[PDB]
Amino acid sequence: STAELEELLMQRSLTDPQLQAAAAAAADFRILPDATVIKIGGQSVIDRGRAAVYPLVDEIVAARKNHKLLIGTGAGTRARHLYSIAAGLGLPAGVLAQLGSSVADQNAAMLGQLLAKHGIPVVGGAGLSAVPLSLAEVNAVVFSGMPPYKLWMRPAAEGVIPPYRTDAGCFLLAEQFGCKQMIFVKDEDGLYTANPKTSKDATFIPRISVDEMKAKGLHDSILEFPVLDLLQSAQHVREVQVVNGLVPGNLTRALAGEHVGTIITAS
Amino acid sequence: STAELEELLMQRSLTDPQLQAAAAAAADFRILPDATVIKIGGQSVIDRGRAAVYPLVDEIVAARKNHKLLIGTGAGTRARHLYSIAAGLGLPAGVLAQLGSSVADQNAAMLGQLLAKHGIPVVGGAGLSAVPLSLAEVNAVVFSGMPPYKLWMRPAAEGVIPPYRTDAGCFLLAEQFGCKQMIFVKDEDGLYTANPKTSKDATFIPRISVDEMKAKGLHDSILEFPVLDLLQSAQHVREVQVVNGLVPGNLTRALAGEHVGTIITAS
Amino acid sequence: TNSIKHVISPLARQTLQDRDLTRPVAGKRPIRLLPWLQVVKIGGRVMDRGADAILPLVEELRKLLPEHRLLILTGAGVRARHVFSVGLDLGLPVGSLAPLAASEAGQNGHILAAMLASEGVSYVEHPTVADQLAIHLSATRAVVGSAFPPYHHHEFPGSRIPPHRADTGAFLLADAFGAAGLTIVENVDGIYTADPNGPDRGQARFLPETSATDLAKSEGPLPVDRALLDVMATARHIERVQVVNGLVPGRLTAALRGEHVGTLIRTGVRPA
Amino acid sequence: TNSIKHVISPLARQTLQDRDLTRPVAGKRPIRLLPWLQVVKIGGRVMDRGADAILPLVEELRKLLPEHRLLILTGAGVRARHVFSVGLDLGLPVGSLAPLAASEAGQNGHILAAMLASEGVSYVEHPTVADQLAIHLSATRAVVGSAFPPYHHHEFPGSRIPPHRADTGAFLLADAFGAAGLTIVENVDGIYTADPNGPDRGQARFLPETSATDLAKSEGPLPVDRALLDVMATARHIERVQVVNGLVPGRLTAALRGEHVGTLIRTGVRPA
Amino acid sequence: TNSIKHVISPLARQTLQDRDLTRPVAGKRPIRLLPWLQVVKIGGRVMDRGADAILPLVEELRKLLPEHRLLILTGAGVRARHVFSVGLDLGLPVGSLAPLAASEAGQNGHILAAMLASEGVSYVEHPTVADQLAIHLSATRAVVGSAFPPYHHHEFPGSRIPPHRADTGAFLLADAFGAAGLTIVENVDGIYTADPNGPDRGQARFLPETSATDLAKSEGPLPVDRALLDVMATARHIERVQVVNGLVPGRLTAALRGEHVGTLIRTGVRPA
Amino acid sequence: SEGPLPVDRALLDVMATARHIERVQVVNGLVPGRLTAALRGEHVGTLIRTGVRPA
Ligand SMILES: Nc1ncnc2c1ncn2[C@@H]1O[C@H](COP(=O)(O)OP(=O)(O)OP(=O)(O)O)[C@@H](O)[C@H]1O
Ligand SMILES: Nc1ncnc2c1ncn2[C@@H]1O[C@H](COP(=O)(O)OP(=O)(O)OP(=O)(O)O)[C@@H](O)[C@H]1O
Ligand SMILES: Nc1ncnc2c1ncn2[C@@H]1O[C@H](COP(=O)(O)OP(=O)(O)OP(=O)(O)O)[C@@H](O)[C@H]1O
Ligand SMILES: Nc1ncnc2c1ncn2[C@@H]1O[C@H](COP(=O)(O)OP(=O)(O)O)[C@@H](O)[C@H]1O
Ligand SMILES: Nc1ncnc2c1ncn2[C@@H]1O[C@H](COP(=O)(O)OP(=O)(O)O)[C@@H](O)[C@H]1O
Ligand code: MOO
Ligand SMILES: [Mg+2]
Ligand SMILES: [Mg+2]
Ligand SMILES: [Mg+2]
Ligand SMILES: [Mg+2]
Ligand SMILES: [Mg+2]
Ligand SMILES: [Mg+2]
Ligand SMILES: [Mg+2]
């Protein structure tokens with residue numbers, strides 16, 4: 001009932017299981033159900049420069065004629081340098097989180113400048129998203145993929161590296177706005193048994209669930225590990241796709257529904 | 001002459017009757033003459049939730065095909081709670097004003113998220129917001145209806161309740177921009193001889209002027225009483241209509257110029 | 001079901017338009033937020049006189065910093081009259097001219113604050129003044145702000161000249177804060193029966209003391225906004241506002257000590 | 001296409017997901033940014049009680065200003081429950097409800113700060129808290145902020161109710177700063193085995209001391225966010241947090257001096 | 001009627017390009033806004049060395065807080081070189097690379113400010129530095145800001161590398177304020193006849209004393225921006241700037257007391 | 001008690017007539033951090049309860 005929910009909301013703690021169960025029965029509204037969130041890799045794509053960014057810009061300009069895109073940017077090697085300096089000083093994860101946000105901001109600015117003449121803007125208030133996505137002439141926005149947690153960043157179990165970075169920032173935006181899919185555009189064909197750059201016998205994994213993926217005990221992954229837990233708790237985005245942006249057409253085929261690369265399912 | 005107006009502007013105080021009369025003869029430019037400002041009620045509409053908001057969202061999306069809309073939000077019961085807490089502490093009207101603005105901000109964010117998929121955005125446009133109103137794909141914006149007076153709010157003759165709230169905020173927007181209409185969308189057919197929720201005996205008033213409204217000595221009204229004085233001093237919006245948003249089509253018919261509720265005229 | 005979802009509160013469900021229903025909750029006199037604050041309004045026409053007037057005023061303000069906690073608010077002056085000339089020529093409404101005139105008051109504030117920077121004084125913005133004045137006056141002895149209120153496009157219609165200007169905005173702030181006083185610094189000795197620089201100067205008689213009501217019933221020009229007298233009628237704390245000549249050194253210092261050196265304007269507030 | 005352009009750094013080329021590769025660089029305990037800071041979280045439901053509860057707490061806080069360097073963070077209260085009722089009725093997701101509830105925590109902060117303005121206390125914004133708290137606590141003895149964290153549309157999914165609320169945000173701040181402590185001011189004496197105001201209050205037994213891990217294994221309701229217990233497990237500095245009754249004058253003062261007057265929650269932080 | 005509507009002023013009607021018409025009004029030397037200010041610029045490459053260089057610098061800065069009123073400005077460092085590498089590879093103009101490099105200067109400022117937070121030091125933003133430095137240096141003993149100027153897309157064209165960098169921005173601020181001095185903290189002893197870490201490092205000889213005019217006519221690399229020498233020629237207050245090695249503890253402290261421990265750069269100011 | 005103590009025996013006598021202070025902690029100053037902890041009310045030494053009965 002709504003009467004039951006409204007009575008619990010005013011008389012009980014928000015931690016009350018009865019209130020939590022009543023709120024779970026509420027209707028589910030998707031804010032941008034026809035939109036797709038994509039992450040342009042930071043260290044994996046944008047840090048490669050023109051040879052990787054320019055073909056993807058062409059693919060994005062072509063893809064936006066058919067698909068509404070929220071284009072999030074990674075951070076990359078400049079964030080790792082900032083993390084190294086700050087970690088050497090013993091600064092907490094909340095301070096490192098703000099430093100990493102600036103790097104993703106830089107990448108969003110550089111990508112947006114290459115898309116400005118195509119009408120695609122760099123947005124960052126929340127408010128500029130509605131007009132350009134609706135316009136078929138635009139149909140896309142660029143945003144910085146770092147979460148807004150800042151000094152309120154939840155620290156990892158060990159170390160000062162912020163556990164929620166540009167993978168989580170992009171995914172949570174896709175989940176919050178009820179987008180239909182989340183595509184990570186990086187520099188490998190997908191998830192492997194191990195880091196393919198340092199493990200030469202790594203095997204490509206075309207599809208896996210979060211439970212099976214955590215069962216593998218991977219030493220390294222193409223996505224932030226906390227995103228796997230966010231994926232299992234997600235209400236709208238119940239799977240993510242990882243594709244190789246260095247191969248032309250991979251992003252377009254993923255938007256068309258092809259299972260290019262790796263699909264990681266929550267269930 | 002403009003030469004005498006410019007001369008008086010440089011040699012006289014702005015309080016000089018000679019200067020005030022010369023300025024009153026200046027040309028009258030309407031910034032948004034084709035636009036209409038509507039207020040979506042706070043306590044009367046948005047506080048009712050899905051049963052009232054969802055039908056009006058569909059009506060707004062259909063109406064923006066034919067009419068330019070600036071959609072202001074009321075505050076409602078959460079502002080009354082804030083006013084009660086602050087009044088009990090003896091805080092002045094200027095402090096209560098900022099508290100109420102947050103509630104209207106909340107309602108604007110909730111209405112905007114339901115309209116985001118239709119391209120209609122929430123605006124804080126400092127220099128207006130010409131782009132979204134200009135586009136036939138959008139043709140509408142959502143704004144928070146509280147005036148910006150904040151700590152500079154003029155207090156009422158008695159009490160600490162800010163006398164200029166979301167009714168005055170939306171009306172002064174229509175007046176400043178020279179909009180063709182101001183429509184208050186609430187939960188009653190219009191103005192009654194008394195509060196229709198607390199007086200079973202109240203009689204609907206289809207049309208009344210400010211002078212006639214003041215002569216009746218209303219204890220309660222569907223509009224803030226200071227708006228009646230702003231209406232009589234207005235240069236562009238010389239009348240308003242209050243309509244029942246719980247009846248589908250009332251907003252659309254009022255936008256087309258039909259008399260479906262109460263029309264309050266300055267003269 | 002489509003009923004209104006209410007929050008239980010002593011003001012719930014009602015419109016706030018029924019003064020009989022709101023009086024038991026909010027009909028009391030407000031408290032004083034910054035009772036130790038002194039607000040000083042510097043007229044824009046005083047700033048327009050340049051260094052000849054600003055330098056002696058800066059020296060007087062410098063010597064006042066160890067004595068009072070000052071909120072200094074600047075008026076607009078002649079530059080607002082020009083943007084009125086251009087704006088009215090373009091036909092812009094009163095809500096368009098209000099922020100345009102306020103900009104000149106803010107620029108006068110940046111000018112005055114720069115002259116006092118070596119004493120730790122800086123210009124602060126309206127949101128800073130409205131929400132963080134207490135911390136800023138704990139950091140330094142005085143801050144400068146724009147005397148114009150942020151009415152903007154929500155300025156009241158009726159006259160093509162914005163009514164809520166520097167005098168009115170400064171008083172709204174001083175009374176809302178419950179400050180110890182508001183002193184208006186003018187380029188004349190005070191309020192006269194006519195313009196002491198106008199066509200009928202010969203008959204202008206100096207008014208040492210007056211009420212806001214008597215000035216509101218007056219016909220003719222004044223050195224203060226007519227809207228100032230209107231907000232004085234609804235004042236809650238400030239009982240008197242003195243208009244003093246900032247071109248005479250020492251009168252601002254004397255007025256801040258309650259000494260009668262200009263025109264005293266009595267508001268609608270009575271003591272207890 | 002062509003090679004990644006790296007900046008030489010101890011974390012270069014790394015994905016940062018390999019704990020064995022990141023540990024030599026970042027695996028150490030962080031420093032304390034503001035070790036002299038005391039963080040006080042005021043419950044939204046305490047503010048909801050109005051002047052009867054706020055006025056005694058304001059007087060207690062006034063007497064605490066010369067004793068501590070205080071960051072005062074306010075919760076949301078019943079108004080966030082109403083925006084939840086409307087937002088959930090509209091079907092809005094959890095990332096939409098999080099900033100709407102945070103707004104009520106901010107409004108409570110503006111209310112509390114206004115009551116302390118005459119003491120130099122003002123409300124400060126989240127970016128100001130995150131980057132400029134040191135200079136603001138040098139200008140004045142205390143500032144007020146919103147206890148909610150700026151998670152916004154990046155709030156975690158799972159529950160339709162935002163999990164990172166006022167208790168969680170206040171602890172994330174206090175532990176990130178390395179503050180001397182966090183005290184949570186409640187409308188009850190502390191944590192019980194059941195809701196002392198709910199249907200099973202006859203079974204409610206007061207817990208003078210508990211551990212965050214023992215509370216996280218519970219299932220019944222709590223007076224603190226369940227996410228608070230999660231962030232307590234990964235805390236770095238604050239070893240204990242006390243929940244005290246703000247309706248009893250003196251308990252906040254006692255808790256800030258380490259005196260046991262409520263429920264002590266042991267975090268996962270360790271040693272001497 | 002189409003005449004220009006003028007405001008009567010000493011500079012009215014004129015274009016401000018006729019130097020003979022503007023000199024009687026504005027041709028004099030400006031006043032000092034903050035004569036007691038000491039500006040210290042920390043090189044980005046010094047911050048790039050990490051804790052080995054930052055921890056001793058923080059300890060030296062800590063001991064300097066009770067001695068001087070410090071505006072601490074941080075440079076960009078190696079991370080700006082990477083955003084240049086990616087930006088130039090993408091073909092971006094100089095007005096796009098300028099804010100990107102400035103971001104790294106801001107991040108260095110947040111890092112340094114965090115290490116001094118326990119002393120009351122915070123990072124402040126450029127609008128705060130431009131308009132409210134006086135009140136912030138009254139609240140605390142020192143503030144940290146980005147040394148890059150907010151030139152942004154209005155950066156000067158000609159070079160594909162932004163000319164107005166950290167040294168230039170720091171001097172522009174210090175001279176505009178009329179500060180008592182500007183000290184540049186480098187990772188080398190000062191200016192050499194060649195790059196002491198470059199391919200011709202065997203030819204480099206230390207220059208204890210230089211002039212900005214002679215350095216500007218020089219060709220080859222310098223440890224400071226070449227635009228710094230250009231703005232030194234038009235400087236109004238600061239007569240000399242010293243470049244000292246921040247990797248040697250005590251040299252910053254000595255330079256702030258006027259002791260010659262690095263390279264002195266004589267500006268175009270000779271007050272005669 | 002009879003025998004030596006690390007505090008004056010007169011301290012115990014004036015604690016009996018104390019009016020405000022309810023407890024005094026004796027901590028080891030040769031261990032860094034214990035003074036800081038004791039000032040925050042943390043039990044890192046010997047707590048001496050005075051004659052002031054807490055409410
Ligand atoms: N009744 C009056 N008494 C005194 N002065 C008057 C009166 N009527 C007009 N004036 C004139 O008004 C002038 C002051 O103008 P005004 O108040 O507009 O400037 P200001 O207050 O410095 O500017 P701002 O309001 O922008 O701060 C005086 O020089 C005086 O000549
Ligand atoms: N195990 C428990 N122990 C103590 N109180 C409980 C428990 N479970 C539920 N409660 C109830 O929770 C109430 C406190 O509510 P809550 O914590 O939501 O308010 P708050 O913390 O002031 O608000 P906010 O979290 O917005 O700051 C108490 O009055 C109590 O009745
Ligand atoms: N003529 C010169 N004299 C001294 N050093 C030089 C000279 N030419 C080049 N250099 C080199 O420049 C280096 C300093 O680099 P740079 O000035 O770019 O860094 P920074 O000033 O710390 O950074 P930022 O300008 O971003 O603050 C020195 O280590 C030195 O090797
Ligand atoms: N198990 C794995 N499978 C695939 N890629 C992996 C794995 N472990 C590590 N990686 C590496 O992670 C990289 C992507 O992560 P990262 O470098 O953080 O890019 P981004 O900055 O775009 O997030 C890939 O280049 C890949 O080499
Ligand atoms: N004379 C009157 N005629 C009609 N409605 C009235 C009158 N007096 C009070 N009202 C009430 O005022 C309400 C609208 O005002 P309000 O509660 O402030 O809603 P909103 O938040 O839309 O301003 C209506 O629900 C109506 O019951
Ligand atoms: O809910 Mo309001 O503040 O009376 O418009
Ligand atoms: Mg209303
Ligand atoms: Mg005047
Ligand atoms: Mg990554
Ligand atoms: Mg609680
Ligand atoms: Mg020109
Ligand atoms: Mg250098
Ligand atoms: Mg002893």
# chains A, B, ... in the order shown; residues from 1 in each chain; ligands from 1
$ residues_near_ligand --ligand "ligand 5" --cutoff "9 Å" --atoms "only C-alpha atoms and all ligand atoms" --output "VMD selection string"
(chain B and resid 39 to 47 73 to 77 165 to 167 184 to 198 202 to 205 218 to 224) or (chain C and resid 13 to 18)
$ write_last_selection --atoms "C-alpha atoms" --output "compact mmCIF listing (two decimals), in the first residue's frame"
# COMPACT_ATOMS: atom_id res chain seq x y z
CA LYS B 39 2.61 27.57 -11.80
CA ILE B 40 2.27 23.91 -10.87
CA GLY B 41 0.90 23.98 -7.34
CA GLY B 42 3.09 22.81 -4.50
CA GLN B 43 0.70 21.93 -1.69
CA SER B 44 -2.23 21.80 -4.12
CA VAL B 45 -0.66 19.62 -6.83
CA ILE B 46 2.89 18.30 -6.41
CA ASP B 47 2.31 17.27 -2.78
CA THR B 73 6.88 24.98 -9.12
CA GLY B 74 5.31 25.69 -5.76
CA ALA B 75 6.79 24.54 -2.48
CA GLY B 76 4.07 23.10 -0.27
CA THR B 77 3.86 21.20 3.00
CA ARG B 165 6.31 33.19 -2.17
CA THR B 166 5.79 30.93 -5.17
CA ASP B 167 2.68 32.75 -6.42
CA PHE B 184 -2.06 29.16 -11.74
CA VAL B 185 -2.61 25.39 -11.82
CA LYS B 186 -3.96 24.25 -8.44
CA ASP B 187 -6.59 21.85 -7.06
CA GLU B 188 -9.85 23.85 -7.09
CA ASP B 189 -12.09 25.11 -9.88
CA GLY B 190 -10.97 28.64 -9.01
CA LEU B 191 -11.50 31.34 -6.42
CA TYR B 192 -14.32 30.73 -3.96
CA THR B 193 -16.03 33.03 -1.46
CA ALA B 194 -14.09 31.13 1.23
CA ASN B 195 -11.66 28.23 1.62
CA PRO B 196 -13.60 25.40 -0.09
CA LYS B 197 -11.81 22.74 1.98
CA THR B 198 -12.90 24.28 5.30
CA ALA B 202 -18.27 28.34 -0.49
CA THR B 203 -19.40 29.64 -3.88
CA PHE B 204 -17.27 29.54 -7.03
CA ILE B 205 -16.27 32.95 -8.41
CA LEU B 218 -11.47 37.50 2.09
CA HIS B 219 -10.02 35.74 5.12
CA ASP B 220 -8.36 33.19 2.81
CA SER B 221 -7.54 33.06 -0.88
CA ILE B 222 -6.28 30.68 -3.56
CA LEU B 223 -3.53 33.22 -4.34
CA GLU B 224 -1.14 35.22 -2.18
CA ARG C 13 -2.71 22.13 5.31
CA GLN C 14 -3.35 25.88 5.50
CA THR C 15 -2.60 28.37 2.74
CA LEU C 16 -0.59 30.81 4.91
CA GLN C 17 -2.96 33.48 3.52
CA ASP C 18 -5.31 33.39 6.54
$ calpha_fit_rmsd --fixed "chain C" --moving "chain E"
0.5 Å
$ atom_distance --atom1 "atom CA of residue B:144" --atom2 "atom CA of residue B:183"
15.4 Å
$ atom_distance --atom1 "atom 6 (C, counted along the ligand's line) of ligand 3" --atom2 "atom CA of residue E:89"
25.6 Å
$ interface_residues --of "chain C" --to "chain A" --cutoff "10 Å" --atoms "only C-alpha atoms" --output "VMD selection string"
chain C and resid 1 5 7 to 8
$ write_last_selection --atoms "C-alpha atoms" --output "tab-separated table (two decimals), in the first residue's frame"
chain	number	residue	atom	x	y	z
C	1	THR	CA	-6.93	8.31	-4.05
C	5	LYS	CA	0.44	14.23	1.35
C	7	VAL	CA	3.83	16.92	6.85
C	8	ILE	CA	2.48	17.25	10.39
$ closest_atom_pairs --of "chain D" --to "ligand 10" --cutoff "10 Å" --atoms "only C-alpha atoms and all ligand atoms" --output "tab-separated table"
residue	atom	partner	partner_atom_place_in_ligand_line	distance
D:41	CA	ligand 10	1 (Mg)	9.4
D:42	CA	ligand 10	1 (Mg)	8.7
D:43	CA	ligand 10	1 (Mg)	5.8
D:44	CA	ligand 10	1 (Mg)	7.7
D:45	CA	ligand 10	1 (Mg)	7.6
D:46	CA	ligand 10	1 (Mg)	9.1
D:75	CA	ligand 10	1 (Mg)	8.1
D:76	CA	ligand 10	1 (Mg)	9.6
D:77	CA	ligand 10	1 (Mg)	8.7
D:165	CA	ligand 10	1 (Mg)	9.5
D:166	CA	ligand 10	1 (Mg)	8.0
D:167	CA	ligand 10	1 (Mg)	6.9
D:184	CA	ligand 10	1 (Mg)	7.9
D:185	CA	ligand 10	1 (Mg)	8.0
D:186	CA	ligand 10	1 (Mg)	5.9
D:187	CA	ligand 10	1 (Mg)	7.9
D:188	CA	ligand 10	1 (Mg)	8.9
D:190	CA	ligand 10	1 (Mg)	9.4
D:191	CA	ligand 10	1 (Mg)	9.6
D:222	CA	ligand 10	1 (Mg)	7.6
D:223	CA	ligand 10	1 (Mg)	4.1
D:224	CA	ligand 10	1 (Mg)	4.4
D:225	CA	ligand 10	1 (Mg)	7.0
D:243	CA	ligand 10	1 (Mg)	8.8
$ residues_around --residues "stretch 245-255 of chain C" --least-positions-apart "5" --cutoff "12 Å" --atoms "only C-alpha atoms" --output "PyMOL selection string"
chain C and resi 38-47+49-68+70+72+180-191+223+240+260-264
$ interface_residues --of "chain A" --to "chain B" --cutoff "10 Å" --atoms "only C-alpha atoms" --output "tab-separated table (two decimals) with C-alpha atoms, in the first residue's frame"
chain	number	residue	atom	x	y	z
A	29	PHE	CA	10.62	5.27	-13.38
A	30	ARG	CA	13.42	5.39	-15.96
A	31	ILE	CA	14.57	8.96	-16.56
A	32	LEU	CA	16.44	8.36	-19.84
A	33	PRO	CA	15.35	4.88	-20.96
A	34	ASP	CA	16.40	5.33	-24.60
A	35	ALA	CA	19.89	6.61	-23.77
A	126	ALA	CA	23.21	17.70	-14.32
A	127	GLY	CA	20.98	20.39	-15.89
A	128	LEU	CA	22.47	20.60	-19.35
A	129	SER	CA	21.58	17.01	-20.18
A	130	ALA	CA	17.96	17.35	-21.28
A	131	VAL	CA	18.02	19.63	-24.33
A	132	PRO	CA	20.96	18.15	-26.28
A	133	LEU	CA	19.97	14.50	-25.83
A	134	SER	CA	16.47	15.20	-27.16
A	135	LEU	CA	17.71	17.05	-30.25
A	136	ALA	CA	18.40	14.59	-33.06
A	177	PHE	CA	18.90	7.45	-15.26
$ calpha_fit_rmsd --fixed "chain B" --moving "chain A"
0.5 Å
$ interface_residues --of "chain C" --to "chain E" --cutoff "6 Å" --atoms "only C-alpha atoms" --output "ChimeraX atom specification"
/C:117-118,120-122,139-140
$ write_last_selection --atoms "N, CA and C atoms" --output "tab-separated table (two decimals), in the first residue's frame"
chain	number	residue	atom	x	y	z
C	117	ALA	N	42.04	47.07	1.37
C	117	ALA	CA	42.56	45.71	1.36
C	117	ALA	C	43.69	45.53	2.36
C	118	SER	N	44.57	46.53	2.48
C	118	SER	CA	45.70	46.41	3.39
C	118	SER	C	45.26	46.28	4.84
C	120	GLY	N	42.75	44.31	5.66
C	120	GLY	CA	42.06	43.04	5.72
C	120	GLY	C	40.62	43.07	5.25
C	121	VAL	N	40.20	44.12	4.56
C	121	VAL	CA	38.83	44.28	4.10
C	121	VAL	C	38.75	43.84	2.65
C	122	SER	N	37.72	43.06	2.31
C	122	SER	CA	37.48	42.66	0.94
C	122	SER	C	35.99	42.72	0.65
C	139	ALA	N	36.52	36.80	10.87
C	139	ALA	CA	37.85	36.78	10.26
C	139	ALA	C	38.47	38.17	10.20
C	140	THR	N	37.67	39.18	9.88
C	140	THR	CA	38.17	40.53	9.70
C	140	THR	C	37.19	41.51	10.34
$ residues_around --residues "residue F:28" --least-positions-apart "4" --cutoff "12 Å" --atoms "only C-alpha atoms" --output "ChimeraX atom specification"
/F:6,32-38,43-46
$ select_by_dssp --residues "chain F" --states "strand (DSSP E or B)" --output "PyMOL selection string"
chain F and resi 23-26+46-49
$ residues_around --residues "residue B:102" --least-positions-apart "6" --cutoff "9 Å" --atoms "only C-alpha atoms" --output "NGL selection string"
(:B and (75 or 79 or 144 or 146)) or (:D and (103-104 or 107))
$ atom_distance --atom1 "atom CA of residue E:91" --atom2 "atom CA of residue E:158"
14.5 Å
$ residues_around --residues "residue A:229" --least-positions-apart "3" --cutoff "10 Å" --atoms "only C-alpha atoms" --output "mmCIF file with N, CA and C atoms, in the first residue's frame"
data_model
loop_
_atom_site.group_PDB
_atom_site.id
_atom_site.type_symbol
_atom_site.label_atom_id
_atom_site.label_comp_id
_atom_site.auth_asym_id
_atom_site.auth_seq_id
_atom_site.Cartn_x
_atom_site.Cartn_y
_atom_site.Cartn_z
ATOM 1 N N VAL A 210 28.656 -11.981 -12.586
ATOM 2 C CA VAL A 210 29.424 -11.384 -11.499
ATOM 3 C C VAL A 210 29.855 -12.453 -10.505
ATOM 4 N N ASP A 211 28.951 -13.380 -10.179
ATOM 5 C CA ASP A 211 29.282 -14.427 -9.218
ATOM 6 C C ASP A 211 30.406 -15.315 -9.738
ATOM 7 N N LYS A 214 33.725 -13.175 -9.749
ATOM 8 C CA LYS A 214 34.325 -13.109 -8.423
ATOM 9 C C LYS A 214 34.832 -14.474 -7.977
ATOM 10 N N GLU A 224 36.781 -1.852 -12.637
ATOM 11 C CA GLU A 224 36.913 -1.742 -11.191
ATOM 12 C C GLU A 224 36.081 -2.819 -10.507
ATOM 13 N N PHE A 225 36.683 -3.506 -9.541
ATOM 14 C CA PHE A 225 35.983 -4.605 -8.885
ATOM 15 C C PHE A 225 34.735 -4.159 -8.133
ATOM 16 N N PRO A 226 34.711 -3.020 -7.435
ATOM 17 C CA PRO A 226 33.460 -2.615 -6.765
ATOM 18 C C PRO A 226 32.289 -2.422 -7.717
ATOM 19 N N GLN A 232 25.349 -5.912 -9.306
ATOM 20 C CA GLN A 232 24.421 -6.877 -8.727
ATOM 21 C C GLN A 232 23.280 -6.191 -7.987
ATOM 22 N N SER A 233 23.515 -4.999 -7.447
ATOM 23 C CA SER A 233 22.484 -4.251 -6.739
ATOM 24 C C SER A 233 21.715 -3.301 -7.647
ATOM 25 N N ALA A 234 22.091 -3.205 -8.919
ATOM 26 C CA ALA A 234 21.461 -2.260 -9.828
ATOM 27 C C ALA A 234 20.019 -2.655 -10.134
ATOM 28 N N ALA A 266 24.789 -9.351 -14.191
ATOM 29 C CA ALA A 266 24.622 -9.319 -12.742
ATOM 30 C C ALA A 266 24.145 -10.664 -12.213
ATOM 31 N N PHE D 156 24.419 4.688 -4.293
ATOM 32 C CA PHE D 156 24.465 3.260 -4.565
ATOM 33 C C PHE D 156 23.050 2.719 -4.764
ATOM 34 N N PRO D 157 22.847 1.833 -5.733
ATOM 35 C CA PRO D 157 21.535 1.203 -5.917
ATOM 36 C C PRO D 157 21.360 0.029 -4.959
#
